[PDB]
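Q: Below: one structure in structure tokens.
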Amino acid sequence: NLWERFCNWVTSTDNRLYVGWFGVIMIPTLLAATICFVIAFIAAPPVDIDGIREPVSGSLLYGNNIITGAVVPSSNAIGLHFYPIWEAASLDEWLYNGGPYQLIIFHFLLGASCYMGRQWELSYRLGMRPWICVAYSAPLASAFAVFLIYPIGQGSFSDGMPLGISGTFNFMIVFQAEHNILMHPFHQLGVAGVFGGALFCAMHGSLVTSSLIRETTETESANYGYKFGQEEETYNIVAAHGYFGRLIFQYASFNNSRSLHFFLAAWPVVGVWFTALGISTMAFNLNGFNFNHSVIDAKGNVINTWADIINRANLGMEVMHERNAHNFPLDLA
Amino acid sequence: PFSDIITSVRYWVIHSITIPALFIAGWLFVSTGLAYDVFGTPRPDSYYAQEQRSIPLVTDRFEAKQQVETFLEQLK
Amino acid sequence: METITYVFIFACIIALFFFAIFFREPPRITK
Amino acid sequence: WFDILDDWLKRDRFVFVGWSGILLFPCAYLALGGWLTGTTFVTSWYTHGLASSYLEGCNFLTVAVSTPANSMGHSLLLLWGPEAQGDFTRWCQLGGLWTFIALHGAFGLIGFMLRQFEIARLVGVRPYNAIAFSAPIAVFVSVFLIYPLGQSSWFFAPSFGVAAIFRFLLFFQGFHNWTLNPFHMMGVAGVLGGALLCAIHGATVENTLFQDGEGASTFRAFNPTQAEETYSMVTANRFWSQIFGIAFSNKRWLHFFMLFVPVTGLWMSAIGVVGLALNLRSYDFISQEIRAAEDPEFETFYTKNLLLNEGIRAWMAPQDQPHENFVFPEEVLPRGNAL
Amino acid sequence: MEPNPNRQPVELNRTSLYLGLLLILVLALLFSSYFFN
Amino acid sequence: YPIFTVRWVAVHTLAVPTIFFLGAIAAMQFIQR
Amino acid sequence: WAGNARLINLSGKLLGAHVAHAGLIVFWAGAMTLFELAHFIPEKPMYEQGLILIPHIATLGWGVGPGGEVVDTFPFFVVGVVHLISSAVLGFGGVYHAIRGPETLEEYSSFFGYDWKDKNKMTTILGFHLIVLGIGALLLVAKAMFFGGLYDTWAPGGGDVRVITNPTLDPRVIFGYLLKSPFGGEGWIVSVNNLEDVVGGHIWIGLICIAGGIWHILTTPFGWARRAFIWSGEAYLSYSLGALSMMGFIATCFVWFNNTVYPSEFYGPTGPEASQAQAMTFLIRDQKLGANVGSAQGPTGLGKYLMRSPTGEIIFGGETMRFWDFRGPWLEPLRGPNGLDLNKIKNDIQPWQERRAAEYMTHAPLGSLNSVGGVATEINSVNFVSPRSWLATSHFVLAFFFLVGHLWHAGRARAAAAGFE
Amino acid sequence: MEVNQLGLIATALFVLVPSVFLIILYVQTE
Amino acid sequence: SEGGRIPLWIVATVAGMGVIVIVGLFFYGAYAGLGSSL
Amino acid sequence: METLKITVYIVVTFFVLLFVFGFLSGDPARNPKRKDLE
Ligand code: CLA
Ligand code: CLA
Ligand code: CLA
Ligand code: CLA
Ligand code: CLA
Ligand code: CLA
Ligand SMILES: C=Cc1c(C)c2cc3nc(c4c5[nH]c(cc6nc(cc1[nH]2)C(C)=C6CC)c(C)c5C(=O)[C@@H]4C(=O)OC)[C@@H](CCC(=O)OC/C=C(\C)CCC[C@H](C)CCC[C@H](C)CCCC(C)C)[C@@H]3C
Ligand SMILES: CC1=C(/C=C/C(C)=C/C=C/C(C)=C/C=C/C=C(C)/C=C/C=C(C)/C=C/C2=C(C)CCCC2(C)C)C(C)(C)CCC1
Ligand SMILES: CC1=C(/C=C/C(C)=C/C=C/C(C)=C/C=C/C=C(C)/C=C/C=C(C)/C=C/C2=C(C)CCCC2(C)C)C(C)(C)CCC1
Ligand SMILES: CC1=C(/C=C/C(C)=C/C=C/C(C)=C/C=C/C=C(C)/C=C/C=C(C)/C=C/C2=C(C)CCCC2(C)C)C(C)(C)CCC1
Ligand code: OEC
Ligand SMILES: [Fe+3]
């Protein structure tokens, strides 16, 4: 009998949120991550990323400012293994081998995953379509790609992606010096998806703003809104479709509102869809292009193509990434 | 364009003979070698003067022209 | 102290949350 | 004779050629041809040392139109420029193209915002779009003019190509640590925020569309009288409110805010660059550096990065900057053990 | 006191405040390190 | 209907050069050394 | 152009389509097998060219000697042909059933082939296809025990095709693999070391499939099952859809970390193989320069070559410390209690071991789209991309999109039940 | 560590002025 | 539906396939030069 | 710490049975706003 009274609670509106079966995991999970994570950033002790005995400490108390960094990746020794708290000894240990990293990550992904489920489930209790579930799927998938797949493809969570601002940058740099991304279509479409969204989110909102109902209670001293009850909605779509059409050409402009908003959710999502793949594909070593040589068979004199000066920089960095943690000549992972 | 000349035969007729006439006109632009001399884009024969391990550079703002020539006389 | 200041400005950004999400002005159809 | 032209000219045809139509098309055309021409036919190794076009066989990516030689400073070497002396072929050998493209192309951008103003006073719409467009134009001048001006010459300006741009990126990371600049950070904020909006807005709509609006149940219809449009703000609201926690529901704000994020961002980013033009950067944290030298058992990501940079700089500057003629002996180069 | 060339009513709402502060603090956060260091 | 600036010029101004290049480029792909 | 969605209910046409795409899958099987034995050159590392099925065919130890490319050429031509013709045998079928006429009104037919929303008939159709897998699975068993063996990469010498005897049929062992941590080296299904486990692990499936195929045949789903699941046609795709995704992942990760199943000899060396291979390659090199491996002290103080693992054994040091879980036929003989024996190392190290290290170490799975071999910085004069990176890469991709599919079609089954249709 | 103490005053005023500012206006509003 | 009507699904296929031949080239061509790289 | 490991698993599985048994649930099942089929 009780069991029935509980479910009804979870299922409908609670005057704050909606916490369905999906948030039954999402809420306790994302909490453990938050708390742990906030504290790790304010006091975590140094952590030696690559097994080496050279601890890096990117926490507030240990001499950092916000940009300087945060929660550092597990050791390269525990690298790919499961490192819970119970599994170790003293926390002085745990804290050194990157525990916080794993703990925070895994809870976050799981609850991150469920935050997505929750999005759909709310749709089922409100009779609306299931799309928002899909558009979130892009970044989520990406987080996983960066936080999981790679360390899974590489052989150790260490060098997953630090939880600091600064290290984000590091991960990036090291990354293209090791796999050369810039020249990979999936990260190229990525810049397309993003620079896309920028150009469109500006375009739409720009036009939507220019073709407004010029005459609705808007004077030069006041500006007050609309509300669903408002039939004609805010703008004269004929003015916008007319505007844009006259700036380039008829086809160029969009006739109806579906093709407009569908585009807005299509471009970005399918751009990151790919990028998130990009990484996941270079997680197992299928690195970007690399046109290192173009010649003059005349003598075979090598001619440097713009791309070689790209390899000249990619080079300097390879050489010094993870200084003194290499004992053999060629990195293989 | 709803397909306007896109359907008629005149459009194909006047281009079937026009477009493949530029397609070729261009091709011969490269086979003949005008590109190189009109644009001055050295050919594999002329990058390095055999055993001239240096890269032609440009230094003087006013002698660009006489400089460049100094480089073409060399290769010859 | 370089610290408390990054913390201080932190607690506010969370205090602002609570207050924004739980004490916001109503979105009503009374219109 | 005037007004007539006004009309003939401003006559509503397929491709609107307004008063601005005169700047825009001659410039935006040549700026395109200028690229495509050199891209396919010119070499820039007399001026840069690398391979510029397809004529030498670069892939699309590799091919580009390279910047003039550093020996020339900011002399706009136009065809009749005292330096090219009217000889086209050389005017190209020297890179007189870059200047071409940037100048004509600068005006095409001028024309395009002008054409955006015209159309708004003929149709009677708001000028807003023309204003949103300033961001890119800022970014453009910021990048391709201001920056090269502040520095040694035209050479250091981005190169007109694909890879030639990636190399730009990296260049910046090594000598400027542009990523640490806060301005690029905000810029990085709006661009990613533009795409975040573009998804939620577009998905929310599409998914909150009115039920049964089409029996067949696909969604390819509308009309003018369809005043109410195809979806609910009331449901979205509650949707968000209960999932994310917040949701200002007032369509007019939603769209404007969508102007603010992207555009507000690029202006910063452009500002950030007017700064680097003067080698004025955010490449250091005195506080850290200090304790970084008095103590060797202390390291943060801040540091690890500054190391990569020097690697970028040492290895990449002698091939990347032919004019100083850097000679760097193997030993000298910074280098982690075993690699 | 007796002039009418001015529309004398200034308003900011609850919501506008939230976004206002959200910006100043976040903004402050970021820059904090730079002023400091 | 007639020939006109808009329809006419626009198209050939962009569209004609292209095949000249595509023609030139097509020639490139076979070159040696 | 949801064309394929108009077909939803006219099962008479789906058969026409399902059996049409079912014809492509087999077509590819021939077009690729023949394309391979085409480009294929004998005695050159299968994987240094760019093959994928043949390696499968030699996996089943269909045509090979102790880790020797192929002694018998032919075995592949059989496969190339068969599947290429099965593509017509079905192309005919798919086309016909697609164009000659719909279904469901044939009385004797509806008795043999029913429709949707009918739990008892869907169930029955399901079990059917289950009786088929129960078989194919068991056939694999046949091909290892009473037929031309299977390729065991383990003990001894070269591990050519060998026939198995009394597969690990213990009830415990088989599901133990299911109950083990999917972390650090131990992935439930991937942990499979002994080839005999694999055989026995197939016997149980078939018995389980069949025992199930028949089960639903005779039984219609219970209440709990009825009130949890929906029954729309689109919804059964959502079930099946997401199932395949998981697996895409499954196999992908399964691909990168080899179990005897994927003998690294055809497929290439494992991501870790290469690293661990590079450590061993250099112990020897310096060992030949008279370097003492036990007292080595790398700039870190961890000894260049030998260090420990958290549980205290010996492992090659260097970043390759994260792959001490790695196990293969070459590195094992030096393995013993407590980890690697410092005494077998410098005393009992045969030459053929340096070879494998060098080869693998040399063909690191690392590659780019230009097929450039090695580090992102190498020169374009070396072409290679470990099959594994190809399988892992492409297949990951599909397992992802496909999941996007589990969301799209399953969320649309919520619109049928009452939502938007 | 070594930090320029003027940052504090800078970073505190950044927090207050614009904030105070807006605080004054949200009261006149009501 | 060909009563002798002026084609379009043909034009759509002619160029479409034509383009594939030019690009296809562009790939072949990308082989003739990098191929002597060393 | 072994005491900790145990405590966790209880907690975790606890909330699992609430996910699982929350769906198979004969009571709430699959109840929507537009149509209840029971
Ligand atoms: C100022 C000129 C300029 C130009 C023209 C480009 C152009 C480009 N850049 Mg570069 N870039 C520039 C400056 C420039 N950049 C600067 C200053 C920097 C900083 C140093 C960069 C940094 C940069 C990076 C880091 C990257 C690029 C990339 C790219 C490519 C991106 C493709 C894309 O999706 O874009 C976004 C735009 C869109 C998605 C839309 C453009 C509009 C199209 C053409 C409309 C098509 C519509 C059709 C005609 C009509 C249909 C009608 C409809 C109704 C049906 C593109 C070739 C990316 C790449 O992939 O490189 C190869 C990449 O990764 N750029
Ligand atoms: C199990 C297999 C499967 C099946 C049988 C279906 C079946 C169906 N889907 Mg679903 N789908 C699937 C998986 C599947 N899907 C997956 C994994 C995803 C996630 C990506 C989707 C996403 C999806 C969406 C988003 C939609 C559908 C829709 C539909 C219906 C579409 C009818 C149609 O218009 O097709 C037309 C199909 C196409 C034009 C195919 C485009 C394919 C890409 C662009 C090709 C890429 C190839 C590339 C060129 C190759 C390069 C070469 C390589 C060597 C490198 C149909 C019921 C539609 C619907 O409304 O459902 C009712 C719809 O909108 N599906
Ligand atoms: C995965 C592959 C695939 C498959 C199997 C189908 C299958 C089908 N589609 Mg879909 N379709 C697909 C992809 C696919 N489609 C994609 C990607 C799109 C988006 C572009 C569409 C868009 C679409 C639309 C818009 C429509 C369909 C329709 C149909 C049905 C047509 C039945 C018919 O008789 O047509 C007529 C048949 C022909 C013209 C004959 C084709 C003959 C083939 C090529 C012969 C091959 C040779 C043969 C094997 C030789 C055997 C010889 C022997 C000796 C061995 C059919 C079930 C239609 C429908 O309404 O269905 C309900 C419809 O209107 N489809
Ligand atoms: C996925 C696997 C698959 C499946 C499940 C099926 C399933 C089926 N197939 Mg298909 N098939 C497949 C693959 C598959 N096929 C492939 C790959 C091929 C190509 C090799 C074929 C080729 C194929 C053919 C060629 C035929 C089938 C038929 C059938 C149906 C047979 C049932 C039966 O009892 O027939 C037993 C047969 C009968 C009861 C025949 C009765 C004869 C009719 C009524 C005569 C009408 C003539 C009359 C004198 C006219 C008077 C007119 C007046 C104006 C003079 C069944 C639905 C048959 C069918 O659909 O026909 C009923 C059929 O003829 N299949
Ligand atoms: C082809 C695949 C297949 C499919 C789609 C189904 C589908 C179904 N089965 Mg059937 N089943 C199968 C194979 C299959 N079964 C086999 C091979 C057997 C023999 C053991 C059975 C035995 C069986 C029984 C005894 C019963 C069902 C029941 C059901 C229904 C259960 C409702 C439900 O899912 O509740 C929710 C589901 C769960 C709580 C289970 C989740 C399990 C996960 C996803 C899979 C774990 C798989 C395993 C670890 C992998 C093997 C690894 C290998 C290395 C050994 C459903 C229609 C019930 C029924 O229809 O009642 C009359 C029922 O009582 N099935
Ligand atoms: C070929 C066999 C194989 C397969 C199929 C997998 C599969 C998987 N691996 Mg494993 N792996 C393998 C071999 C394999 N691995 C080997 C040999 C190694 C040795 C190095 C590893 C090392 C490894 C690591 C280091 C990691 C993985 C992870 C993962 C998971 C990633 C997807 C995800 O985010 O799920 C999210 C979860 C689900 C979709 C749940 C499916 C189960 C049912 C249907 C739902 C239960 C619902 C409830 C809410 C959750 C309870 C979960 C419980 C743990 C608390 C996936 C299940 C990652 C992970 O997240 O660990 C588990 C990870 O970090 N693997
Ligand atoms: C990848 C980067 C990016 C590109 C390529 C891009 C492109 C474009 N944006 C336009 C518009 C806009 N973009 C907008 C906001 C944004 N646009 C953004 C980012 C981009 N926008 C971002 C981030 C925003 C947010 C602020 C707005 C608000 C608008 C418009 O209103 C307008 C439009 O109508 O929308 C579609 C179109 C203007 C055409 C024109 O004025 O020609 C005139 C000038 C020309 C042709 C050349 C000037 C010369 C320059 C220097 C040369 C460029 C030549 C290249 C180097 C050569 C080709 C290179 C290849 C690699 C592609 C053009 C398609
Ligand atoms: C310099 C000069 C001049 C002239 C010139 C010009 C103006 C030019 C132009 C030119 C041009 C204008 C050219 C072009 C070319 C082109 C090309 C060669 C193209 C190609 C393309 C393609 C191949 C495409 C494709 C695709 C696909 C397939 C898919 C995806 C998408 C796309 C679309 C990308 C004059 C006398 C005035 C004076 C000054 C100087
Ligand atoms: C798109 C589409 C579709 C589909 C289709 C399909 C599905 C198809 C299929 C097809 C198929 C499935 C096919 C197959 C084929 C095959 C063939 C054609 C074969 C051939 C062969 C031969 C010829 C042989 C070979 C050989 C041998 C064996 C030996 C040695 C030598 C040689 C090489 C000669 C449909 C209708 C639905 C609808 C519309 C659209
Ligand atoms: C609509 C459209 C379009 C177009 C299209 C096109 C242009 C297409 C084409 C297509 C095509 C052009 C296709 C083709 C296909 C083909 C196929 C699919 C074939 C097959 C074959 C087979 C299967 C064969 C077999 C055999 C035989 C019979 C004999 C012996 C030998 C062999 C085996 C070889 C575009 C994109 C613009 C855009 C959108 C729209
Ligand atoms: Mn984090 O990292 Ca994948 O590259 Mn080589 O191995 Mn270790 O050195 Mn860097
Ligand atoms: Fe909108």
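Within each chain, counting starts at residue 1; across the structure tokens, chains are named A, B, ... in the order shown, with ligands numbered 1 upward in that order.
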Report the residues of chain J whose backbone DSSP state falls under alpha helix (DSSP H), written as JSON, numbers by chain.

A: {"J": [2, 3, 4, 5, 6, 7, 8, 9, 10, 11, 12, 13, 14, 15, 16, 17, 18, 19, 20, 21, 22, 23]}

Q: Output the selection as a compact mmCIF listing (two decimals), in the first residue's frame - N, CA and C atoms for each residue.

A:
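Output below, filename out-v1.txt:
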```
# COMPACT_ATOMS: atom_id res chain seq x y z
N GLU J 2 36.60 -1.69 5.41
CA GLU J 2 35.75 -2.72 4.85
C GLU J 2 34.32 -2.47 5.27
N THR J 3 34.16 -1.79 6.40
CA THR J 3 32.84 -1.45 6.88
C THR J 3 32.17 -0.47 5.93
N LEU J 4 33.00 0.40 5.35
CA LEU J 4 32.54 1.40 4.41
C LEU J 4 32.06 0.77 3.11
N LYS J 5 32.91 -0.07 2.51
CA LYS J 5 32.56 -0.75 1.25
C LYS J 5 31.15 -1.33 1.33
N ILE J 6 30.88 -2.08 2.38
CA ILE J 6 29.59 -2.70 2.60
C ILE J 6 28.43 -1.69 2.61
N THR J 7 28.58 -0.68 3.45
CA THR J 7 27.59 0.35 3.59
C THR J 7 27.23 0.90 2.24
N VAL J 8 28.24 1.17 1.44
CA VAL J 8 27.98 1.70 0.13
C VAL J 8 27.05 0.78 -0.63
N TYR J 9 27.56 -0.38 -1.02
CA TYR J 9 26.76 -1.32 -1.79
C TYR J 9 25.29 -1.40 -1.37
N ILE J 10 25.03 -1.33 -0.08
CA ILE J 10 23.64 -1.37 0.39
C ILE J 10 22.91 -0.20 -0.24
N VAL J 11 23.46 0.99 0.00
CA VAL J 11 22.93 2.25 -0.50
C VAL J 11 22.68 2.21 -1.98
N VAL J 12 23.71 1.81 -2.71
CA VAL J 12 23.64 1.74 -4.15
C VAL J 12 22.54 0.80 -4.57
N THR J 13 22.66 -0.48 -4.22
CA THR J 13 21.62 -1.38 -4.67
C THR J 13 20.26 -0.90 -4.20
N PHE J 14 20.19 -0.39 -2.97
CA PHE J 14 18.93 0.13 -2.45
C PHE J 14 18.23 0.96 -3.54
N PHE J 15 18.90 2.01 -3.99
CA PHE J 15 18.34 2.90 -5.00
C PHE J 15 18.26 2.27 -6.36
N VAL J 16 18.69 1.03 -6.48
CA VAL J 16 18.61 0.36 -7.77
C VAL J 16 17.26 -0.30 -7.80
N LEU J 17 16.95 -0.97 -6.70
CA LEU J 17 15.68 -1.65 -6.58
C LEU J 17 14.54 -0.64 -6.75
N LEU J 18 14.82 0.64 -6.44
CA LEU J 18 13.83 1.70 -6.59
C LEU J 18 13.71 2.13 -8.05
N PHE J 19 14.77 1.94 -8.82
CA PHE J 19 14.73 2.29 -10.23
C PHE J 19 13.97 1.14 -10.86
N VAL J 20 14.57 -0.05 -10.79
CA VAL J 20 13.99 -1.28 -11.35
C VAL J 20 12.51 -1.45 -10.98
N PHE J 21 12.26 -1.70 -9.69
CA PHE J 21 10.90 -1.89 -9.20
C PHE J 21 10.02 -0.66 -9.39
N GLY J 22 10.61 0.44 -9.84
CA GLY J 22 9.83 1.65 -10.07
C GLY J 22 9.23 1.62 -11.46
N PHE J 23 9.87 0.85 -12.32
CA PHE J 23 9.43 0.72 -13.69
C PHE J 23 8.54 -0.49 -13.90
```

Q: List the neighbours of residue B:66 out to 10 Å using only C-alpha atoms; skip same-chain residues closer than 6 positions along the sequence, and give me the result as an NGL selection string.

A: (:B and (60)) or (:D and (83-84))

Q: Set the cut-off to 7 Å, count only C-alpha atoms and all ligand atoms, and list whatever residues fall near ligand 9 as number ranges by chain.

A: G: 16-17, 20-21, 23-24, 27, 81, 84-85, 87-88, 90-91, 94-95, 98

Q: Residues within 6 Å of ligand 10 (only C-alpha atoms and all ligand atoms), as a ChimeraX atom specification?

A: /I:12-14,16-17

Q: Could those selected residues go to a file with N, CA, C and O atoms, as a PDB file, in the first residue's frame?

A:
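See result.pdb below for the written result:
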```pdb
ATOM      1  N   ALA I  12      19.400  15.986 -62.996  1.00  0.00           N
ATOM      2  CA  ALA I  12      19.810  15.793 -61.616  1.00  0.00           C
ATOM      3  C   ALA I  12      20.765  14.642 -61.481  1.00  0.00           C
ATOM      4  O   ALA I  12      21.571  14.608 -60.564  1.00  0.00           O
ATOM      5  N   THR I  13      20.674  13.686 -62.383  1.00  0.00           N
ATOM      6  CA  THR I  13      21.581  12.580 -62.285  1.00  0.00           C
ATOM      7  C   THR I  13      22.802  12.801 -63.134  1.00  0.00           C
ATOM      8  O   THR I  13      23.892  12.373 -62.768  1.00  0.00           O
ATOM      9  N   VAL I  14      22.646  13.483 -64.261  1.00  0.00           N
ATOM     10  CA  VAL I  14      23.805  13.733 -65.102  1.00  0.00           C
ATOM     11  C   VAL I  14      24.909  14.473 -64.341  1.00  0.00           C
ATOM     12  O   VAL I  14      25.985  13.908 -64.102  1.00  0.00           O
ATOM     13  N   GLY I  16      25.151  15.371 -61.116  1.00  0.00           N
ATOM     14  CA  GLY I  16      25.487  14.662 -59.893  1.00  0.00           C
ATOM     15  C   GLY I  16      26.584  13.632 -60.088  1.00  0.00           C
ATOM     16  O   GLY I  16      27.532  13.562 -59.306  1.00  0.00           O
ATOM     17  N   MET I  17      26.459  12.836 -61.143  1.00  0.00           N
ATOM     18  CA  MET I  17      27.440  11.815 -61.446  1.00  0.00           C
ATOM     19  C   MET I  17      28.655  12.436 -62.099  1.00  0.00           C
ATOM     20  O   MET I  17      29.771  11.921 -61.994  1.00  0.00           O
TER      21      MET I  17
END
```

Q: Which is closer to ligand 11 than all the others in A:53, A:187, A:321, A:214, using only C-alpha atoms and all ligand atoms?

A: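 Checking each candidate against ligand 11, we get A:321 as the closest.
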
Q: Show me, as a ChimeraX atom specification, the residues that have an atom within 7 Å of stretch 2-7 of chain H when counting only C-alpha atoms, minus same-chain residues fewer than 6 positions from it.

A: /D:287 /E:35-37

Q: Those same residues, written as a PDB file, in the first residue's frame with C-alpha atoms?

A:
```pdb
ATOM      1  CA  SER D 287      52.783  35.287  -8.056  1.00  0.00           C
TER       2      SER D 287
ATOM      3  CA  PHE E  35      43.874  41.657 -10.654  1.00  0.00           C
ATOM      4  CA  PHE E  36      45.407  39.677  -7.820  1.00  0.00           C
ATOM      5  CA  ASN E  37      48.392  38.049  -9.444  1.00  0.00           C
TER       6      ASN E  37
END
```

Q: Using only C-alpha atoms, I'd like every residue of chain B that has an atom within 9 Å of chain A; please write them out as a PyMOL selection string.

A: chain B and resi 1+43-48+50

Q: Near residue H:21, counting only C-alpha atoms, which residues have an atom at most 12 Å away, once you skip same-chain residues fewer than 4 positions from it, shown as a list in words?

A: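 Listing them by chain and then by number gives residues 12, 17, 20, 21 and 24 of chain E; 13, 14, 15, 16, 17, 25, 26, 27 and 28 of chain H.
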
Q: Write a file of the just-selected residues containing N, CA, C and O atoms, as an mmCIF file, in the first residue's frame.

A:
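What ended up in again-v2.cif:
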```cif
data_model
loop_
_atom_site.group_PDB
_atom_site.id
_atom_site.type_symbol
_atom_site.label_atom_id
_atom_site.label_comp_id
_atom_site.auth_asym_id
_atom_site.auth_seq_id
_atom_site.Cartn_x
_atom_site.Cartn_y
_atom_site.Cartn_z
ATOM 1 N N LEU E 12 13.613 48.343 -12.929
ATOM 2 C CA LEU E 12 14.389 47.138 -13.111
ATOM 3 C C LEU E 12 13.571 46.103 -12.357
ATOM 4 O O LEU E 12 13.112 46.374 -11.257
ATOM 5 N N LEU E 17 17.475 41.728 -12.062
ATOM 6 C CA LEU E 17 18.459 41.801 -10.983
ATOM 7 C C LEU E 17 19.269 40.528 -10.942
ATOM 8 O O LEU E 17 20.495 40.575 -10.893
ATOM 9 N N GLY E 20 21.554 40.456 -13.562
ATOM 10 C CA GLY E 20 22.523 41.506 -13.298
ATOM 11 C C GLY E 20 23.632 41.018 -12.382
ATOM 12 O O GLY E 20 24.808 41.164 -12.694
ATOM 13 N N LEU E 21 23.257 40.435 -11.247
ATOM 14 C CA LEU E 21 24.233 39.922 -10.298
ATOM 15 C C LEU E 21 24.957 38.717 -10.860
ATOM 16 O O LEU E 21 26.168 38.615 -10.747
ATOM 17 N N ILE E 24 27.864 40.161 -12.734
ATOM 18 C CA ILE E 24 28.908 40.813 -11.954
ATOM 19 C C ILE E 24 29.775 39.851 -11.162
ATOM 20 O O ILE E 24 30.989 39.993 -11.130
ATOM 21 N N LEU H 13 35.321 45.957 -5.031
ATOM 22 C CA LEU H 13 34.538 47.056 -5.589
ATOM 23 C C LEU H 13 33.810 46.630 -6.861
ATOM 24 O O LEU H 13 32.728 47.125 -7.165
ATOM 25 N N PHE H 14 34.412 45.715 -7.605
ATOM 26 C CA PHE H 14 33.806 45.187 -8.818
ATOM 27 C C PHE H 14 32.498 44.493 -8.386
ATOM 28 O O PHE H 14 31.452 44.623 -9.014
ATOM 29 N N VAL H 15 32.584 43.758 -7.285
ATOM 30 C CA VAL H 15 31.459 43.033 -6.719
ATOM 31 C C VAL H 15 30.399 43.948 -6.179
ATOM 32 O O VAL H 15 29.219 43.675 -6.318
ATOM 33 N N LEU H 16 30.813 45.037 -5.556
ATOM 34 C CA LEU H 16 29.836 45.925 -4.974
ATOM 35 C C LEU H 16 29.229 46.997 -5.844
ATOM 36 O O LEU H 16 28.027 46.987 -6.062
ATOM 37 N N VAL H 17 30.015 47.929 -6.349
ATOM 38 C CA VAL H 17 29.385 48.963 -7.139
ATOM 39 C C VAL H 17 28.297 48.487 -8.080
ATOM 40 O O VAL H 17 27.113 48.715 -7.820
ATOM 41 N N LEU H 25 18.138 50.042 -7.631
ATOM 42 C CA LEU H 25 17.069 50.072 -8.599
ATOM 43 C C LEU H 25 15.987 49.038 -8.399
ATOM 44 O O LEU H 25 14.864 49.262 -8.824
ATOM 45 N N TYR H 26 16.295 47.909 -7.772
ATOM 46 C CA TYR H 26 15.254 46.916 -7.573
ATOM 47 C C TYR H 26 14.368 47.294 -6.409
ATOM 48 O O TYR H 26 13.329 46.679 -6.188
ATOM 49 N N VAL H 27 14.773 48.294 -5.644
ATOM 50 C CA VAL H 27 13.948 48.719 -4.527
ATOM 51 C C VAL H 27 13.025 49.809 -5.051
ATOM 52 O O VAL H 27 11.844 49.788 -4.766
ATOM 53 N N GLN H 28 13.545 50.741 -5.838
ATOM 54 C CA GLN H 28 12.694 51.793 -6.380
ATOM 55 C C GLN H 28 11.600 51.147 -7.222
ATOM 56 O O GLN H 28 10.488 51.667 -7.312
#
```

Q: So that I can check the surroundings of stretch 218-235 of chain G, please list as a count of residues only every protein, DNA and RNA residue that reaches within 7 Å of it, counting only C-alpha atoms and ignoring chain neighbours fewer than 4 positions away.

A: 14

Q: Do you have the atom 25 (C, counted along the ligand's line) of ligand 3-atom CA of residue G:86 distance handy?

A: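 Atom CA of residue G:86 lies at a distance of 27.6 Å from atom 25 (C, counted along the ligand's line) of ligand 3.
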